[PDB]
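As provided, data17.tsv (TSV, N, CA, C and O atoms) reads as follows.
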```tsv
chain	number	residue	atom	x	y	z
M	1073	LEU	N	-0.29	-23.40	-14.96
M	1073	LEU	CA	0.62	-22.37	-14.47
M	1073	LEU	C	-0.12	-21.24	-13.74
M	1073	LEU	O	0.46	-20.18	-13.51
M	1074	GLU	N	-1.39	-21.45	-13.39
M	1074	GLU	CA	-2.19	-20.53	-12.59
M	1074	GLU	C	-2.81	-21.25	-11.40
M	1074	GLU	O	-4.02	-21.21	-11.17
M	1075	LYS	N	-1.97	-21.95	-10.64
M	1075	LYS	CA	-2.43	-22.65	-9.45
M	1075	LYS	C	-2.85	-21.69	-8.34
M	1075	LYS	O	-3.79	-21.99	-7.59
M	1076	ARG	N	-2.16	-20.55	-8.21
M	1076	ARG	CA	-2.48	-19.57	-7.18
M	1076	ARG	C	-3.86	-18.96	-7.38
M	1076	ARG	O	-4.61	-18.76	-6.42
M	1077	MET	N	-4.21	-18.66	-8.64
M	1077	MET	CA	-5.50	-18.08	-8.96
M	1077	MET	C	-6.62	-19.08	-8.69
M	1077	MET	O	-7.70	-18.72	-8.20
M	1078	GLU	N	-6.36	-20.36	-8.98
M	1078	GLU	CA	-7.31	-21.43	-8.70
M	1078	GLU	C	-7.54	-21.60	-7.20
M	1078	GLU	O	-8.68	-21.76	-6.75
M	1079	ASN	N	-6.46	-21.55	-6.41
M	1079	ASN	CA	-6.60	-21.67	-4.97
M	1079	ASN	C	-7.31	-20.47	-4.36
M	1079	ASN	O	-8.08	-20.63	-3.41
M	1080	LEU	N	-7.09	-19.27	-4.91
M	1080	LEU	CA	-7.81	-18.09	-4.45
M	1080	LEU	C	-9.30	-18.18	-4.76
M	1080	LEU	O	-10.15	-17.81	-3.93
M	1081	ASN	N	-9.64	-18.69	-5.95
M	1081	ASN	CA	-11.04	-18.86	-6.32
M	1081	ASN	C	-11.74	-19.90	-5.45
M	1081	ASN	O	-12.88	-19.69	-5.01
M	1082	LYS	N	-11.08	-21.00	-5.11
M	1082	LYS	CA	-11.67	-22.00	-4.19
M	1082	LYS	C	-11.75	-21.45	-2.77
M	1082	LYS	O	-12.68	-21.82	-2.07
M	1083	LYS	N	-10.81	-20.60	-2.37
M	1083	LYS	CA	-10.90	-19.99	-1.05
M	1083	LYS	C	-12.11	-19.08	-0.94
M	1083	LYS	O	-12.83	-19.12	0.07
M	1084	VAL	N	-12.37	-18.28	-1.98
M	1084	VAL	CA	-13.54	-17.40	-1.98
M	1084	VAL	C	-14.84	-18.21	-1.97
M	1084	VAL	O	-15.75	-17.96	-1.16
M	1085	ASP	N	-14.91	-19.22	-2.84
M	1085	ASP	CA	-16.12	-20.04	-2.96
M	1085	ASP	C	-16.40	-20.85	-1.70
M	1085	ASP	O	-17.56	-20.99	-1.31
M	1086	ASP	N	-15.37	-21.40	-1.06
M	1086	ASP	CA	-15.57	-22.16	0.16
M	1086	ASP	C	-15.68	-21.28	1.40
M	1086	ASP	O	-16.12	-21.77	2.44
M	1087	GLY	N	-15.30	-20.01	1.31
M	1087	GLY	CA	-15.47	-19.14	2.45
M	1087	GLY	C	-16.83	-18.49	2.52
M	1087	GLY	O	-17.29	-18.15	3.61
M	1088	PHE	N	-17.48	-18.29	1.37
M	1088	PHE	CA	-18.83	-17.72	1.42
M	1088	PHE	C	-19.86	-18.74	1.89
M	1088	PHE	O	-20.84	-18.38	2.59
M	1089	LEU	N	-19.65	-20.02	1.55
M	1089	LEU	CA	-20.61	-21.07	1.86
M	1089	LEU	C	-20.71	-21.33	3.36
M	1089	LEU	O	-21.81	-21.55	3.88
M	1090	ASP	N	-19.58	-21.29	4.06
M	1090	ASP	CA	-19.57	-21.48	5.51
M	1090	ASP	C	-20.33	-20.37	6.22
M	1090	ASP	O	-21.11	-20.64	7.15
M	1091	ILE	N	-20.14	-19.12	5.77
M	1091	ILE	CA	-20.82	-17.98	6.37
M	1091	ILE	C	-22.32	-18.07	6.17
M	1091	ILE	O	-23.10	-17.87	7.12
M	1092	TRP	N	-22.76	-18.44	4.96
M	1092	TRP	CA	-24.20	-18.49	4.72
M	1092	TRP	C	-24.86	-19.67	5.42
M	1092	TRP	O	-25.99	-19.54	5.93
M	1093	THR	N	-24.17	-20.81	5.51
M	1093	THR	CA	-24.70	-21.96	6.25
M	1093	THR	C	-24.83	-21.65	7.74
M	1093	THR	O	-25.86	-21.97	8.36
M	1094	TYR	N	-23.81	-21.04	8.34
M	1094	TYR	CA	-23.88	-20.62	9.76
M	1094	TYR	C	-25.04	-19.65	9.93
M	1094	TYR	O	-25.80	-19.80	10.89
M	1095	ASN	N	-25.18	-18.71	9.02
M	1095	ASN	CA	-26.22	-17.68	9.19
M	1095	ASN	C	-27.58	-18.35	9.18
M	1095	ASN	O	-28.42	-17.97	10.00
M	1096	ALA	N	-27.79	-19.31	8.29
M	1096	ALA	CA	-29.09	-20.00	8.19
M	1096	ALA	C	-29.38	-20.84	9.42
M	1096	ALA	O	-30.49	-20.75	9.95
M	1097	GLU	N	-28.42	-21.63	9.86
M	1097	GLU	CA	-28.61	-22.52	11.02
M	1097	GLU	C	-28.87	-21.69	12.27
M	1097	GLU	O	-29.74	-22.08	13.05
M	1098	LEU	N	-28.16	-20.58	12.46
M	1098	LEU	CA	-28.35	-19.71	13.64
M	1098	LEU	C	-29.72	-19.03	13.61
M	1098	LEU	O	-30.35	-18.98	14.68
M	1099	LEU	N	-30.20	-18.55	12.47
M	1099	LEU	CA	-31.48	-17.81	12.39
M	1099	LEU	C	-32.62	-18.77	12.71
M	1099	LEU	O	-33.53	-18.37	13.45
M	1100	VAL	N	-32.56	-19.99	12.20
M	1100	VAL	CA	-33.65	-20.97	12.44
M	1100	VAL	C	-33.65	-21.33	13.92
M	1100	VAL	O	-34.74	-21.44	14.48
M	1101	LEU	N	-32.48	-21.46	14.55
M	1101	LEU	CA	-32.48	-21.90	15.95
M	1101	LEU	C	-32.87	-20.80	16.93
M	1101	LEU	O	-33.40	-21.11	18.00
M	1102	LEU	N	-32.61	-19.53	16.62
M	1102	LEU	CA	-33.17	-18.49	17.49
M	1102	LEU	C	-34.66	-18.26	17.26
M	1102	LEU	O	-35.40	-18.03	18.23
M	1103	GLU	N	-35.15	-18.33	16.01
M	1103	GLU	CA	-36.57	-18.07	15.81
M	1103	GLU	C	-37.47	-19.19	16.33
M	1103	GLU	O	-38.61	-18.90	16.71
M	1104	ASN	N	-36.97	-20.43	16.41
M	1104	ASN	CA	-37.74	-21.51	17.02
M	1104	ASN	C	-38.01	-21.25	18.50
M	1104	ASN	O	-39.14	-21.39	18.99
M	1105	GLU	N	-36.96	-20.83	19.23
M	1105	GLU	CA	-37.09	-20.54	20.65
M	1105	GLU	C	-37.99	-19.34	20.89
M	1105	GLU	O	-38.80	-19.34	21.84
M	1106	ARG	N	-37.88	-18.32	20.04
M	1106	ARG	CA	-38.76	-17.16	20.14
M	1106	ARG	C	-40.23	-17.54	19.91
M	1106	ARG	O	-41.11	-17.04	20.61
M	1107	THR	N	-40.49	-18.44	18.96
M	1107	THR	CA	-41.86	-18.88	18.68
M	1107	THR	C	-42.47	-19.62	19.87
M	1107	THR	O	-43.61	-19.35	20.27
M	1108	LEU	N	-41.69	-20.53	20.47
M	1108	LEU	CA	-42.20	-21.30	21.60
M	1108	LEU	C	-42.45	-20.42	22.83
M	1108	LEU	O	-43.49	-20.56	23.51
M	1109	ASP	N	-41.55	-19.47	23.10
M	1109	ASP	CA	-41.77	-18.53	24.19
M	1109	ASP	C	-42.97	-17.61	23.94
M	1109	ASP	O	-43.69	-17.27	24.89
M	1110	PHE	N	-43.20	-17.23	22.68
M	1110	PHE	CA	-44.35	-16.41	22.32
M	1110	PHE	C	-45.66	-17.13	22.59
M	1110	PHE	O	-46.61	-16.53	23.13
M	1111	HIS	N	-45.72	-18.43	22.27
M	1111	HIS	CA	-46.93	-19.21	22.54
M	1111	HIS	C	-47.19	-19.35	24.03
M	1111	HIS	O	-48.35	-19.21	24.49
M	1112	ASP	N	-46.13	-19.61	24.82
M	1112	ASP	CA	-46.29	-19.72	26.27
M	1112	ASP	C	-46.78	-18.42	26.89
M	1112	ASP	O	-47.68	-18.42	27.75
M	1113	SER	N	-46.24	-17.28	26.43
M	1113	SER	CA	-46.68	-15.98	26.92
M	1113	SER	C	-48.13	-15.70	26.57
M	1113	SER	O	-48.85	-15.11	27.39
M	1114	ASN	N	-48.59	-16.11	25.38
M	1114	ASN	CA	-49.99	-15.90	25.00
M	1114	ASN	C	-50.95	-16.67	25.91
M	1114	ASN	O	-52.00	-16.14	26.31
M	1115	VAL	N	-50.59	-17.92	26.26
M	1115	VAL	CA	-51.43	-18.69	27.19
M	1115	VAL	C	-51.47	-18.03	28.57
M	1115	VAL	O	-52.52	-17.96	29.23
M	1116	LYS	N	-50.32	-17.48	29.01
M	1116	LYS	CA	-50.28	-16.75	30.28
M	1116	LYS	C	-51.17	-15.50	30.26
M	1116	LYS	O	-51.82	-15.20	31.26
M	1117	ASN	N	-51.19	-14.76	29.14
M	1117	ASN	CA	-52.06	-13.59	29.06
M	1117	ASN	C	-53.54	-13.96	29.12
M	1117	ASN	O	-54.33	-13.23	29.73
M	1118	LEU	N	-53.93	-15.08	28.49
M	1118	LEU	CA	-55.32	-15.51	28.62
M	1118	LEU	C	-55.69	-15.86	30.06
M	1118	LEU	O	-56.77	-15.48	30.53
M	1119	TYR	N	-54.80	-16.56	30.77
M	1119	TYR	CA	-55.08	-16.90	32.16
M	1119	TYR	C	-55.17	-15.66	33.04
M	1119	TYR	O	-56.04	-15.57	33.92
M	1120	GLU	N	-54.29	-14.68	32.81
M	1120	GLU	CA	-54.35	-13.43	33.58
M	1120	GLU	C	-55.63	-12.65	33.30
M	1120	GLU	O	-56.19	-12.03	34.21
M	1121	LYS	N	-56.11	-12.68	32.05
M	1121	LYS	CA	-57.33	-11.94	31.72
M	1121	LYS	C	-58.56	-12.56	32.38
M	1121	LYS	O	-59.41	-11.84	32.93
M	1122	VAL	N	-58.66	-13.90	32.37
M	1122	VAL	CA	-59.79	-14.54	33.04
M	1122	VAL	C	-59.71	-14.36	34.55
M	1122	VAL	O	-60.74	-14.15	35.22
M	1123	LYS	N	-58.50	-14.40	35.12
M	1123	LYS	CA	-58.30	-14.13	36.55
M	1123	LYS	C	-58.76	-12.73	36.93
M	1123	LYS	O	-59.48	-12.55	37.92
M	1124	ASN	N	-58.36	-11.73	36.13
M	1124	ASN	CA	-58.69	-10.34	36.43
M	1124	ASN	C	-60.19	-10.09	36.30
M	1124	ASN	O	-60.78	-9.37	37.11
D	98	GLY	N	20.64	-18.66	-2.39
D	98	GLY	CA	19.76	-19.11	-3.45
D	98	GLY	C	20.49	-19.25	-4.77
D	98	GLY	O	21.44	-20.02	-4.88
D	99	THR	N	20.04	-18.51	-5.77
D	99	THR	CA	20.72	-18.46	-7.07
D	99	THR	C	22.03	-17.71	-6.90
D	99	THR	O	22.04	-16.48	-6.84
D	100	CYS	N	23.14	-18.44	-6.82
D	100	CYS	CA	24.44	-17.80	-6.67
D	100	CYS	C	24.88	-17.14	-7.96
D	100	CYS	O	25.39	-16.01	-7.94
D	101	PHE	N	24.71	-17.81	-9.09
D	101	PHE	CA	24.91	-17.11	-10.35
D	101	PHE	C	23.67	-16.28	-10.66
D	101	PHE	O	22.55	-16.79	-10.56
D	102	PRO	N	23.83	-15.00	-11.01
D	102	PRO	CA	22.66	-14.13	-11.17
D	102	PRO	C	21.83	-14.46	-12.39
D	102	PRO	O	22.32	-15.00	-13.39
D	103	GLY	N	20.55	-14.15	-12.30
D	103	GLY	CA	19.61	-14.44	-13.37
D	103	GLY	C	18.19	-14.35	-12.86
D	103	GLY	O	17.93	-13.90	-11.75
D	104	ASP	N	17.28	-14.79	-13.72
D	104	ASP	CA	15.85	-14.79	-13.42
D	104	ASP	C	15.35	-16.22	-13.33
D	104	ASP	O	15.63	-17.04	-14.21
D	105	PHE	N	14.61	-16.51	-12.27
D	105	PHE	CA	13.97	-17.81	-12.09
D	105	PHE	C	12.55	-17.70	-12.64
D	105	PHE	O	11.72	-16.97	-12.09
D	106	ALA	N	12.27	-18.42	-13.73
D	106	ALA	CA	10.98	-18.31	-14.38
D	106	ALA	C	9.92	-19.08	-13.61
D	106	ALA	O	10.08	-20.28	-13.36
D	107	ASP	N	8.83	-18.38	-13.26
D	107	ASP	CA	7.70	-18.91	-12.49
D	107	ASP	C	8.15	-19.51	-11.16
D	107	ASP	O	7.96	-20.69	-10.88
D	108	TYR	N	8.75	-18.66	-10.32
D	108	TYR	CA	9.26	-19.11	-9.03
D	108	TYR	C	8.12	-19.33	-8.04
D	108	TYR	O	8.12	-20.31	-7.28
D	109	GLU	N	7.14	-18.44	-8.05
D	109	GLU	CA	6.05	-18.50	-7.09
D	109	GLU	C	5.12	-19.66	-7.38
D	109	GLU	O	4.56	-20.27	-6.45
D	110	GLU	N	4.96	-20.01	-8.65
D	110	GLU	CA	4.21	-21.21	-9.02
D	110	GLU	C	4.90	-22.47	-8.53
D	110	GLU	O	4.23	-23.42	-8.10
D	111	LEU	N	6.23	-22.51	-8.59
D	111	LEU	CA	6.97	-23.64	-8.03
D	111	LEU	C	6.81	-23.73	-6.52
D	111	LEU	O	6.72	-24.84	-5.98
D	112	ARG	N	6.77	-22.58	-5.84
D	112	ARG	CA	6.49	-22.57	-4.41
D	112	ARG	C	5.10	-23.13	-4.11
D	112	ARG	O	4.92	-23.92	-3.17
D	113	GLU	N	4.10	-22.76	-4.92
D	113	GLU	CA	2.75	-23.27	-4.73
D	113	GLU	C	2.65	-24.76	-5.04
D	113	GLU	O	1.90	-25.49	-4.37
D	114	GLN	N	3.38	-25.24	-6.05
D	114	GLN	CA	3.41	-26.68	-6.34
D	114	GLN	C	4.10	-27.46	-5.22
D	114	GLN	O	3.65	-28.55	-4.86
D	115	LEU	N	5.18	-26.92	-4.67
D	115	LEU	CA	5.92	-27.60	-3.62
D	115	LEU	C	5.29	-27.46	-2.25
D	115	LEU	O	5.80	-28.06	-1.29
D	116	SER	N	4.23	-26.65	-2.11
D	116	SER	CA	3.52	-26.59	-0.83
D	116	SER	C	2.87	-27.93	-0.48
D	116	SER	O	2.97	-28.40	0.66
D	117	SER	N	2.19	-28.55	-1.44
D	117	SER	CA	1.50	-29.82	-1.21
D	117	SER	C	2.33	-31.01	-1.69
D	117	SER	O	1.89	-31.80	-2.52
D	118	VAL	N	3.53	-31.14	-1.15
D	118	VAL	CA	4.44	-32.23	-1.50
D	118	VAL	C	4.91	-32.90	-0.21
D	118	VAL	O	5.39	-32.22	0.70
D	119	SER	N	4.77	-34.23	-0.14
D	119	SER	CA	5.19	-34.98	1.04
D	119	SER	C	6.64	-35.43	0.98
D	119	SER	O	7.43	-35.10	1.87
D	120	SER	N	7.01	-36.18	-0.05
D	120	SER	CA	8.36	-36.73	-0.13
D	120	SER	C	8.91	-36.56	-1.54
D	120	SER	O	8.15	-36.48	-2.52
D	121	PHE	N	10.23	-36.49	-1.63
D	121	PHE	CA	10.91	-36.43	-2.91
D	121	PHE	C	11.93	-37.55	-3.00
D	121	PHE	O	12.45	-38.04	-2.00
D	122	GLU	N	12.14	-38.10	-4.20
D	122	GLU	CA	13.17	-39.15	-4.44
D	122	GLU	C	14.13	-38.69	-5.52
D	122	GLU	O	13.79	-38.81	-6.70
D	123	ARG	N	15.29	-38.20	-5.14
D	123	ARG	CA	16.33	-37.62	-5.98
D	123	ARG	C	17.02	-38.72	-6.77
D	123	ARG	O	17.54	-39.67	-6.18
D	124	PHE	N	17.02	-38.59	-8.09
D	124	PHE	CA	17.65	-39.57	-8.96
D	124	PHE	C	18.43	-38.85	-10.04
D	124	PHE	O	18.38	-37.63	-10.18
D	125	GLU	N	19.19	-39.63	-10.81
D	125	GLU	CA	20.14	-39.11	-11.78
D	125	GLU	C	19.54	-39.26	-13.17
D	125	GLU	O	19.52	-40.35	-13.74
D	126	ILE	N	19.05	-38.14	-13.72
D	126	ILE	CA	18.36	-38.18	-15.01
D	126	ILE	C	19.36	-38.35	-16.15
D	126	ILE	O	19.12	-39.11	-17.10
D	127	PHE	N	20.51	-37.69	-16.06
D	127	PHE	CA	21.56	-37.78	-17.08
D	127	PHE	C	22.88	-38.02	-16.37
D	127	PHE	O	23.32	-37.16	-15.59
D	128	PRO	N	23.52	-39.18	-16.57
D	128	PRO	CA	24.85	-39.39	-16.00
D	128	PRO	C	25.88	-38.44	-16.61
D	128	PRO	O	25.89	-38.21	-17.82
D	129	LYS	N	26.73	-37.89	-15.75
D	129	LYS	CA	27.64	-36.84	-16.18
D	129	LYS	C	28.80	-37.40	-17.00
D	129	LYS	O	29.16	-36.82	-18.03
D	130	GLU	N	29.37	-38.52	-16.57
D	130	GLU	CA	30.51	-39.09	-17.28
D	130	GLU	C	30.09	-39.85	-18.54
D	130	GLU	O	30.92	-40.04	-19.43
D	131	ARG	N	28.83	-40.27	-18.63
D	131	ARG	CA	28.42	-41.13	-19.73
D	131	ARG	C	27.77	-40.35	-20.87
D	131	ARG	O	28.09	-40.58	-22.04
D	132	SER	N	26.86	-39.43	-20.54
D	132	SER	CA	25.98	-38.86	-21.55
D	132	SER	C	26.60	-37.71	-22.34
D	132	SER	O	26.02	-37.30	-23.35
D	133	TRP	N	27.75	-37.19	-21.92
D	133	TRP	CA	28.41	-36.09	-22.63
D	133	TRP	C	29.85	-36.48	-22.94
D	133	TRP	O	30.79	-36.06	-22.25
D	134	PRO	N	30.07	-37.29	-23.99
D	134	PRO	CA	31.43	-37.75	-24.28
D	134	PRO	C	32.23	-36.79	-25.15
D	134	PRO	O	33.45	-36.92	-25.24
D	135	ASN	N	31.56	-35.83	-25.79
D	135	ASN	CA	32.21	-34.93	-26.73
D	135	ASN	C	32.23	-33.49	-26.23
D	135	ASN	O	32.56	-32.58	-27.00
D	136	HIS	N	31.90	-33.26	-24.96
D	136	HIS	CA	31.93	-31.93	-24.36
D	136	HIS	C	32.65	-32.02	-23.02
D	136	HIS	O	32.72	-33.09	-22.41
D	137	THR	N	33.18	-30.89	-22.57
D	137	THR	CA	33.80	-30.81	-21.25
D	137	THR	C	32.75	-30.45	-20.22
D	137	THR	O	32.17	-29.36	-20.27
D	138	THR	N	32.51	-31.36	-19.28
D	138	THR	CA	31.55	-31.14	-18.21
D	138	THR	C	32.15	-30.44	-17.00
D	138	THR	O	31.41	-30.09	-16.08
D	139	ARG	N	33.46	-30.22	-16.98
D	139	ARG	CA	34.15	-29.64	-15.83
D	139	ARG	C	34.05	-28.12	-15.93
D	139	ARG	O	34.95	-27.45	-16.44
D	140	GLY	N	32.96	-27.57	-15.42
D	140	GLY	CA	32.78	-26.13	-15.43
D	140	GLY	C	32.53	-25.56	-14.05
D	140	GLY	O	31.58	-25.95	-13.37
D	141	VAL	N	33.39	-24.63	-13.63
D	141	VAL	CA	33.28	-23.98	-12.33
D	141	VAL	C	33.18	-22.48	-12.53
D	141	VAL	O	33.51	-21.94	-13.59
D	142	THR	N	32.68	-21.80	-11.50
D	142	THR	CA	32.60	-20.35	-11.50
D	142	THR	C	32.98	-19.82	-10.12
D	142	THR	O	32.83	-20.51	-9.11
D	143	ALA	N	33.48	-18.58	-10.09
D	143	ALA	CA	33.87	-17.93	-8.86
D	143	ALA	C	32.72	-17.19	-8.19
D	143	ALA	O	32.92	-16.61	-7.12
D	144	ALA	N	31.53	-17.20	-8.79
D	144	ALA	CA	30.36	-16.60	-8.17
D	144	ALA	C	29.68	-17.54	-7.18
D	144	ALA	O	28.79	-17.09	-6.45
D	145	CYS	N	30.06	-18.81	-7.14
D	145	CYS	CA	29.55	-19.76	-6.16
D	145	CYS	C	30.73	-20.42	-5.43
D	145	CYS	O	31.23	-21.45	-5.87
D	146	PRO	N	31.21	-19.82	-4.34
D	146	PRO	CA	32.29	-20.45	-3.57
D	146	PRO	C	31.84	-21.74	-2.89
D	146	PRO	O	30.66	-21.94	-2.61
D	147	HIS	N	32.82	-22.60	-2.62
D	147	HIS	CA	32.63	-23.74	-1.73
D	147	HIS	C	33.98	-24.11	-1.13
D	147	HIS	O	34.86	-24.58	-1.87
D	148	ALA	N	34.11	-23.90	0.18
D	148	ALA	CA	35.32	-24.22	0.96
D	148	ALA	C	36.56	-23.53	0.41
D	148	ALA	O	37.58	-24.17	0.13
D	149	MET	N	36.45	-22.20	0.25
D	149	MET	CA	37.51	-21.32	-0.26
D	149	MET	C	37.99	-21.76	-1.64
D	149	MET	O	39.18	-21.71	-1.95
```
Show me the file's structure as structure tokens.
Amino acid sequence: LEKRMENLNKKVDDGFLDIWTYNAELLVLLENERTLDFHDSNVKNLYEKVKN
Amino acid sequence: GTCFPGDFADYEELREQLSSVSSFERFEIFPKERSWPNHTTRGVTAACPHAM
């Protein structure tokens, strides 16, 4: 006789999990691209220093 | 709705139970002419009209 309370509890539990999974997948995919661009920029700075 | 006045016990729970229902099959749990041979089943009220 408490089906509404059960559905509210599953809504809360299933709504937090989607947010945290999105947050994790997005953070890993932006930091990977930042890491690769950082490495490319470092190689460019070495070439500019030897050129100069 | 309830033409005769009163209280519907656990109405919102019935709404929540009937949300996830596909089909219903209406059947006769107690026959009116057979199961009450010693009582008068002919009961009407003026709080629920039907065709004047």
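For the choices M:1099, M:1073, M:1080, M:1117, the atom-to-atom distance to residue 107 in chain D is smallest for M:1073 when using only N, CA, C and O atoms.
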| said: Which residues are close to residue 146 in chain D, i.e. within 12 Å by only C-alpha atoms, leaving aside same-chain residues fewer than 3 positions away? Reply as a PyMOL selection string. | reply: chain D and resi 100-101+141-143+149
| message | Residues of chain D within 7 Å of chain M, counting all atoms listed in the file - could you list those as number ranges by chain? | response | D: 109-110, 113
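Atom pair CA of residue 117 in chain D / CA of residue 1081 in chain M has a distance of 17.4 Å (rounded to one decimal).
Take atom N of residue 115 in chain D and atom N of residue 1077 in chain M: the distance between them is 13.1 Å.
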| Quick one: distance from atom N of residue 1105 in chain M to atom O of residue 1093 in chain M in Å, one decimal? | 15.6 Å
| message | Based on the backbone DSSP call, show me all residues of chain D assigned alpha helix (DSSP H), as number ranges by chain. | response | D: 108-116, 129-132
